[PDB]
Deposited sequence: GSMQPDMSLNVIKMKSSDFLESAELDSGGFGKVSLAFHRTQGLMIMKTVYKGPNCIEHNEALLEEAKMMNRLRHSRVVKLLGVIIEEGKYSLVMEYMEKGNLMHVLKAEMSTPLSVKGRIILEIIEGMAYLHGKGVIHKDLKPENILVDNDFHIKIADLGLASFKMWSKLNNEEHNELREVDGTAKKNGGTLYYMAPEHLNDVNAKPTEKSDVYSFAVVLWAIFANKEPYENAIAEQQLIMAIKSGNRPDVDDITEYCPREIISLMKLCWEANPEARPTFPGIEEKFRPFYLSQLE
């Protein structure tokens, strides 16, 4: 359940926050300025609906702060940051854990798709990791928070394409689908084993967009550490140019869970 929390609930732009009674949380204040009270109940219900997406692999929206001219969202604190932070830490992550993170991403995405939620911005920054290396899927760019996103863009307030299905590059009139997210997943799979972002040799945005739409993909030979052949096959399957040929997350799960259990766990 969501709390209509108050600024007063916290000790004296994104920022750490210590709730006076509940503890560490993440706050994004989305808006400062004129009153716009007419938006209040829609902002609250939208937060309620996002808060109703509950699953072990989906991040919890803990509270909102709705005040005279200050609107803030409050999220649970994931101790190890996002997945790229984890992949780029000095201490390595063993193959078993990488396999589990993949399985858990599949579960969160199957759950979301089960509820009719198309993420549209899946990427390592939206995959958060707790102290025990379990993951939760987040929506930090507010791609599913329609009203808060508009609130964030209002005039009187005070981006990466690596993971975008090629159908959406240079085409803002295509509607994203579940297969859009599957493509993103494919590139996340590559990042997990490369321990870095793809396309490091790309020079210009227009060169990248045109290259990916012509069929360029992340360089599989650039994976130095060991990567199971089945996982190389999965990412190639998941980033096929034809969206209708990419599998669903339930189809992915039925393949990868028995492979995870028998080979990587």
Numbered from 1 along the deposited sequence, what ranges are absent from the coordinates? 1 to 9, 22 to 31, 178 to 189
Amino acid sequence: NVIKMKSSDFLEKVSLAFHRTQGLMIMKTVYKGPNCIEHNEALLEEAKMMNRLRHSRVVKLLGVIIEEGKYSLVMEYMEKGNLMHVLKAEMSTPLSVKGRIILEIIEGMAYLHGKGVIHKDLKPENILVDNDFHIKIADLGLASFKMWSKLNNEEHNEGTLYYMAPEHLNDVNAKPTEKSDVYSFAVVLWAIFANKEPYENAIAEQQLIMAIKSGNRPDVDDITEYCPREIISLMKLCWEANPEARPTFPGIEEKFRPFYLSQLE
From here on, numbers count along this sequence of modelled residues.
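Heads up, when I say rigid core I mean the largest set of C-alphas that superpose within 1.5 Å between the two forms.
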Larger mean CA deviation from the shown form in 9 other deposited structures of this protein [core fit; 214 to 222 vs 66 to 74]: 66 to 74
Segment of greater CA departure in 9 other deposited structures of this protein, 243 to 251 or 17 to 25, core superposed: 17 to 25
Would you say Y31 is commonly dropped, meaning unmodelled in a third or more of the other compared entries that have residues on each side of it? yes
Is it the case that at least a third of the other compared entries omit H156, given both of its neighbours are modelled there? yes
Entry B factor averaged over C-alpha atoms, 33 to 41 against 199 to 207: higher for 33 to 41
Going by the entry, of stretches 107 to 115 and 83 to 91 the one with greater average Cα B-factor is 83 to 91
Highest Cα temperature factor in the entry, among the options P166, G99, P124, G159: which one is it? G159
Could you say which of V182, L142, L151, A194 has its CA atom at the highest B factor, as listed in the PDB entry? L151
Taking the C-alpha B-factors as the PDB entry records them, is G63 in the lowest, middle or highest third of its chain? middle
Looking at the entry's B-factor column for C-alpha atoms only, identify whether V172 ranks in the lowest, middle or highest third of its chain. highest
Sorting the chain's modelled residues by C-alpha B-factor and splitting them into thirds places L237 in the lowest
Record-listed C-alpha B factor of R246: chain third: lowest
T224 CA temperature factor, ranked by third within the chain: highest
